[PDB]
Chemist: 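One structure coming up, written as structure tokens, with questions to follow.
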Amino acid sequence: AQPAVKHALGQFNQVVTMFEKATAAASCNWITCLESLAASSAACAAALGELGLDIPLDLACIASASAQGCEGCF
Amino acid sequence: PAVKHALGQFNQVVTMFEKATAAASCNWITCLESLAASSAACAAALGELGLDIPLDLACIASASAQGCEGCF
């Protein structure tokens, strides 16, 4: 099973990179988005606590979530 | 669409990671207790008692830890 775990971690790192590039290109404002989403999930609260600077937490937040200020963050 | 595409791929990665770590008998709660002081993602994952697979995945990606055999 260990090859599968390692493979999935590799795919996660690739997705995080792709997500960072795509949201940056769309001018996502993480702090305004996360202020709106923080009460909605544990991931969003954690992402706001890191000021939006932790892309894996930003990604988990968006995947978990009509929020104002989230244009370009999807 | 590029952001939405990445989000779709993320959901597939989370499913596979859950299946793979379960097949590898990952002991999430003990692993996260060992890692919780190491990163914001790990402290958040422990706060959800390991039940939040996206937070578990972010923790493992960000992090000699006891109990983490099969989680990485």
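What's counted below: heavy atoms across the whole structure, side chains too, no hydrogens, waters or symmetry copies. Below, chains carry the letters A, B, ... as their sequence lines are ordered, and counting in each starts from 1.
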Chemist: Taking side chain as C-beta onward, heavy atoms only, is B/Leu55 less than 4.5 Å from A/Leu57?
Modeler: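 SC-SC contact between B/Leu55 and A/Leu57 confirmed.
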Chemist: Applying side chain to side chain contact (heavy atoms under 4.5 Å, CB included) between B/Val13 and each of A/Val16, A/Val15, A/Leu9, report the one that passes.
Modeler: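 The passing option is A/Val15.
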Chemist: Sort out for me which of A/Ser41, A/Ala47, A/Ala1, A/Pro3 touches chain B most, counting heavy-atom pairs under 4.5 Å.
Modeler: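 Option with the greatest count: A/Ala1.
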Chemist: Assigning hydrophobic clusters by single linkage (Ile, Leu, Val, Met, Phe, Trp, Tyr; side-chain heavy-atom cutoff under 4.5 Å), is A/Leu53 placed with A/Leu34?
Modeler: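 No, because A/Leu53 and A/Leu34 fall into different hydrophobic clusters, even though each may have its own neighbours under 4.5 Å.
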Chemist: Any chance you could measure B/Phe17, atom CZ, to A/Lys6, atom NZ, to the nearest 0.5 Å?
Modeler: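 The distance works out to 11.0 Å.
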Chemist: Does A/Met18, at its CE atom, have more than 12 non-hydrogen atoms belonging to other residues, nucleotides or ligands within less than 6.0 Å?
Modeler: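 Yes, the 6.0 Å shell around CE holds more than 12 heavy atoms from other groups.
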Chemist: Give the interface residues of residues 61-72 of chain B toward chain A, defined by a heavy-atom separation under 4.5 Å.
Modeler: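 Heavy-atom contacts from residues 61-72 of chain B to chain A are B/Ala61, B/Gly70, B/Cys71, B/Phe72.
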Chemist: A/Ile31, A/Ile55: one ILVMFWY side-chain cluster at the under-4.5 Å cut-off?
Modeler: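 Different hydrophobic clusters.
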Chemist: Membership question, hydrophobic clusters at under 4.5 Å side-chain separation (ILVMFWY): are A/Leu48 and A/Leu51 in the same one?
Modeler: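 Shared cluster, no.
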Chemist: Quick one: CD on B/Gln9 to CG on A/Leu59, what's the gap to the nearest 0.5 Å?
Modeler: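 Between B/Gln9 CD and A/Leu59 CG, I get 10.5 Å after rounding to 0.5 Å.
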